[PDB]
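A.B. asks: Can you keep this structure in mind? I'll have questions shortly.
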Amino acid sequence: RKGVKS
Amino acid sequence: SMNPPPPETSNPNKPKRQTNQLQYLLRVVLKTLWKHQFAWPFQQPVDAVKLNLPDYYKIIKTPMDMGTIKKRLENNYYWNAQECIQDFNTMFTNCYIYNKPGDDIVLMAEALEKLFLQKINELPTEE
Ligand SMILES: [Cl-]
Ligand SMILES: [Cl-]
Ligand SMILES: [Cl-]
Ligand SMILES: [Cl-]
Ligand code: NA
Ligand code: NA
Ligand code: NA
Ligand code: NA
Ligand code: NA
Ligand code: NA
Ligand code: NA
Ligand code: NA
């Protein structure tokens with residue numbers, strides 16, 4: 001729900 | 001749709017003490033998680049308005065984050081170390097409720113939680 005963070 | 005106010009962090013009506021374990025929770029446990037490369041999604045309340053997460057506070061009714069925990073420790077909000085540990089656990093559980101396996105934030109939470117649990121296994125002697 002918060003998407004890509006890498 | 002709106003963000004709620006952040007959790008309470010200072011209550012002058014709650015009694016105040018400093019203990020070996022509370023010091024450890026701030027100066028070792030929280031400090032180590034805070035400086036971790038994966039800490040940033042967890043360092044403040046979720047701003048669901050700015051992040052465009054309209055359902056976040058429809059789903060998460062006990063929000064918690066490390067910025068709040070840090071302030072609670074700094075303001076002697078907790079009397080027992082386990083109250084602080086419980087807030088960390090709430091923070092991780094919220095992440096696993098809201099986000100799906102495979103989501104980057106879940107891998108981040110799992111790594112931070114394993115590190116948290118390792119540090120809690122070295123909780124120092126109680127008074
Ligand atoms: Cl996502
Ligand atoms: Cl004290
Ligand atoms: Cl970070
Ligand atoms: Cl709601
Ligand atoms: Na206290
Ligand atoms: Na402390
Ligand atoms: Na420290
Ligand atoms: Na790191
Ligand atoms: Na939050
Ligand atoms: Na509830
Ligand atoms: Na939260
Ligand atoms: Na994942």
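Here's how to read the names in the structure tokens: chain A, B, ... by the order shown, residue numbers from 1 in each chain, ligand numbers from 1 in the order shown.
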Using only C-alpha atoms and all ligand atoms, find each protein or nucleic acid residue lying at most 9 Å from ligand 4; present the set as a PyMOL selection string.

C.D. replies: chain B and resi 1-2+55-61

A.B. asks: Residues of chain A within 6 Å of chain B, counting only C-alpha atoms - could you list those as a count of residues only?

C.D. replies: 3

A.B. asks: Give the alpha helix (DSSP H) residues of segment 14-117 of chain B, as assigned by DSSP on the backbone, as number ranges by chain.

C.D. replies: B: 20-24, 31-34, 56-59, 66-74, 81-98, 104-117

A.B. asks: Let me have all residues with an atom within 8 Å of ligand 3, counting only C-alpha atoms and all ligand atoms, laid out as a list in words.

C.D. replies: residues 34, 35, 36, 37, 38, 39, 40, 41 and 43 of chain B

A.B. asks: Please save N, CA, C and O atoms of the selected residues as an mmCIF file, in the first residue's frame.

C.D. replies:
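Result file is result_26.cif:
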```cif
data_model
loop_
_atom_site.group_PDB
_atom_site.id
_atom_site.type_symbol
_atom_site.label_atom_id
_atom_site.label_comp_id
_atom_site.auth_asym_id
_atom_site.auth_seq_id
_atom_site.Cartn_x
_atom_site.Cartn_y
_atom_site.Cartn_z
ATOM 1 N N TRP B 34 17.043 3.449 15.413
ATOM 2 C CA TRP B 34 16.885 4.761 14.806
ATOM 3 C C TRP B 34 17.939 5.009 13.749
ATOM 4 O O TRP B 34 17.658 5.660 12.733
ATOM 5 N N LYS B 35 19.173 4.555 13.991
ATOM 6 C CA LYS B 35 20.280 4.782 13.072
ATOM 7 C C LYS B 35 20.339 3.759 11.950
ATOM 8 O O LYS B 35 21.159 3.912 11.040
ATOM 9 N N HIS B 36 19.496 2.737 11.987
ATOM 10 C CA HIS B 36 19.500 1.705 10.955
ATOM 11 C C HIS B 36 19.038 2.276 9.619
ATOM 12 O O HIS B 36 18.190 3.170 9.562
ATOM 13 N N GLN B 37 19.586 1.728 8.532
ATOM 14 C CA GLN B 37 19.217 2.212 7.205
ATOM 15 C C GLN B 37 17.719 2.120 6.936
ATOM 16 O O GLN B 37 17.206 2.858 6.083
ATOM 17 N N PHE B 38 17.013 1.197 7.593
ATOM 18 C CA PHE B 38 15.589 0.981 7.348
ATOM 19 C C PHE B 38 14.687 1.757 8.302
ATOM 20 O O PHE B 38 13.467 1.547 8.289
ATOM 21 N N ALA B 39 15.242 2.644 9.125
ATOM 22 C CA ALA B 39 14.444 3.266 10.170
ATOM 23 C C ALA B 39 13.438 4.280 9.641
ATOM 24 O O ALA B 39 12.411 4.509 10.281
ATOM 25 N N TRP B 40 13.722 4.913 8.513
ATOM 26 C CA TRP B 40 13.008 6.132 8.150
ATOM 27 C C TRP B 40 11.497 5.993 8.041
ATOM 28 O O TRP B 40 10.805 6.937 8.452
ATOM 29 N N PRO B 41 10.918 4.894 7.541
ATOM 30 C CA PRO B 41 9.447 4.807 7.515
ATOM 31 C C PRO B 41 8.811 4.770 8.884
ATOM 32 O O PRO B 41 7.583 4.933 8.984
ATOM 33 N N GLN B 43 10.092 6.558 11.770
ATOM 34 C CA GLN B 43 10.622 7.590 12.656
ATOM 35 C C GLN B 43 9.607 8.661 13.024
ATOM 36 O O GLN B 43 9.952 9.576 13.781
#
```

A.B. asks: Find the residue from B:86, B:6, B:111, B:45 that sits nearest to ligand 8; use only C-alpha atoms and all ligand atoms when measuring.

C.D. replies: B:111

A.B. asks: Taking only C-alpha atoms and all ligand atoms and a cut-off of 8 Å, can you tell me which residues surround ligand 5, written as JSON, numbers by chain?

C.D. replies: {"B": [14, 15, 16, 17, 18, 73, 75, 76, 77, 78, 79, 80]}

A.B. asks: Please produce an output containing C-alpha atoms for each residue in the selection, written as a PDB file, in the first residue's frame.

C.D. replies:
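Saved as result-v6.pdb:
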```
ATOM      1  CA  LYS B  14       1.741  10.010  35.165  1.00  0.00           C
ATOM      2  CA  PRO B  15       4.477   9.202  37.714  1.00  0.00           C
ATOM      3  CA  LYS B  16       8.068   9.505  36.611  1.00  0.00           C
ATOM      4  CA  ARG B  17      11.125   7.364  37.168  1.00  0.00           C
ATOM      5  CA  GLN B  18      14.348   6.473  35.418  1.00  0.00           C
ATOM      6  CA  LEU B  73      11.026   7.785  26.911  1.00  0.00           C
ATOM      7  CA  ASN B  75       9.320  12.503  28.995  1.00  0.00           C
ATOM      8  CA  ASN B  76       9.260   9.548  31.416  1.00  0.00           C
ATOM      9  CA  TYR B  77       5.873   8.493  30.036  1.00  0.00           C
ATOM     10  CA  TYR B  78       6.573   4.807  30.704  1.00  0.00           C
ATOM     11  CA  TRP B  79       6.985   3.411  34.204  1.00  0.00           C
ATOM     12  CA  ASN B  80       7.755  -0.205  33.206  1.00  0.00           C
TER      13      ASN B  80
END
```

A.B. asks: Can you work out which residues are within 8 Å of ligand 9, considering only C-alpha atoms and all ligand atoms, and then hand them over as a VMD selection string?

C.D. replies: chain B and resid 6 44 to 47 63 to 65

A.B. asks: From the list B:7, B:83, B:50, B:115, which residue is nearest residue 62 of chain B when using only C-alpha atoms?

C.D. replies: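 Among the listed residues, the smallest separation from residue 62 of chain B belongs to B:7.
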
A.B. asks: Around ligand 6, which protein and nucleic acid residues have at least one atom no more than 8 Å from it, if we count only C-alpha atoms and all ligand atoms? List them as a PDB file with N, CA and C atoms, in the first residue's frame.

C.D. replies:
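The new file result-v9.pdb reads:
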```pdb
ATOM      1  N   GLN B  18      13.339   6.952  36.350  1.00  0.00           N
ATOM      2  CA  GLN B  18      14.348   6.473  35.418  1.00  0.00           C
ATOM      3  C   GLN B  18      14.885   5.161  35.964  1.00  0.00           C
ATOM      4  N   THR B  19      14.959   4.167  35.103  1.00  0.00           N
ATOM      5  CA  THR B  19      15.381   2.839  35.503  1.00  0.00           C
ATOM      6  C   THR B  19      16.438   2.333  34.540  1.00  0.00           C
ATOM      7  N   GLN B  21      16.433  -0.364  32.865  1.00  0.00           N
ATOM      8  CA  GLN B  21      15.877  -0.886  31.628  1.00  0.00           C
ATOM      9  C   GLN B  21      15.331   0.219  30.737  1.00  0.00           C
ATOM     10  N   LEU B  22      14.741   1.273  31.314  1.00  0.00           N
ATOM     11  CA  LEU B  22      14.276   2.370  30.470  1.00  0.00           C
ATOM     12  C   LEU B  22      15.449   3.090  29.823  1.00  0.00           C
ATOM     13  N   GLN B  23      16.534   3.278  30.561  1.00  0.00           N
ATOM     14  CA  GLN B  23      17.714   3.896  29.962  1.00  0.00           C
ATOM     15  C   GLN B  23      18.208   3.062  28.789  1.00  0.00           C
ATOM     16  N   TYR B  24      18.272   1.749  28.966  1.00  0.00           N
ATOM     17  CA  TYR B  24      18.702   0.843  27.910  1.00  0.00           C
ATOM     18  C   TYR B  24      17.777   0.934  26.704  1.00  0.00           C
ATOM     19  N   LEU B  25      16.479   1.010  26.942  1.00  0.00           N
ATOM     20  CA  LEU B  25      15.530   1.096  25.840  1.00  0.00           C
ATOM     21  C   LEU B  25      15.741   2.354  25.012  1.00  0.00           C
ATOM     22  N   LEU B  26      16.066   3.475  25.636  1.00  0.00           N
ATOM     23  CA  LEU B  26      16.297   4.693  24.868  1.00  0.00           C
ATOM     24  C   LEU B  26      17.682   4.698  24.235  1.00  0.00           C
ATOM     25  N   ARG B  27      18.713   4.431  25.035  1.00  0.00           N
ATOM     26  CA  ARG B  27      20.101   4.678  24.651  1.00  0.00           C
ATOM     27  C   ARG B  27      20.720   3.535  23.867  1.00  0.00           C
ATOM     28  N   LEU B  73       9.886   8.073  26.037  1.00  0.00           N
ATOM     29  CA  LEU B  73      11.026   7.785  26.911  1.00  0.00           C
ATOM     30  C   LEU B  73      11.623   9.066  27.470  1.00  0.00           C
ATOM     31  N   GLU B  74      11.796  10.072  26.615  1.00  0.00           N
ATOM     32  CA  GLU B  74      12.406  11.324  27.051  1.00  0.00           C
ATOM     33  C   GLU B  74      11.560  12.047  28.090  1.00  0.00           C
ATOM     34  N   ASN B  76       9.558  10.454  30.305  1.00  0.00           N
ATOM     35  CA  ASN B  76       9.260   9.548  31.416  1.00  0.00           C
ATOM     36  C   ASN B  76       7.802   9.103  31.411  1.00  0.00           C
TER      37      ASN B  76
END
```

A.B. asks: With distances taken over only C-alpha atoms and all ligand atoms, which of B:126, B:3, B:109, B:90 is nearest to ligand 10?

C.D. replies: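 Nearest to ligand 10: B:90.
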
A.B. asks: Quick one: residues within 10 Å of residue 110 of chain B, only C-alpha atoms counted, chain neighbours fewer than 6 positions away excluded, as a PyMOL selection string?

C.D. replies: chain B and resi 92+95-96+116

A.B. asks: Could you tell me how far atom CA of residue 72 of chain B lies from atom CA of residue 9 of chain B, in Å and to one decimal?

C.D. replies: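 Straight-line distance from atom CA of residue 72 of chain B to atom CA of residue 9 of chain B works out to 4.7 Å.
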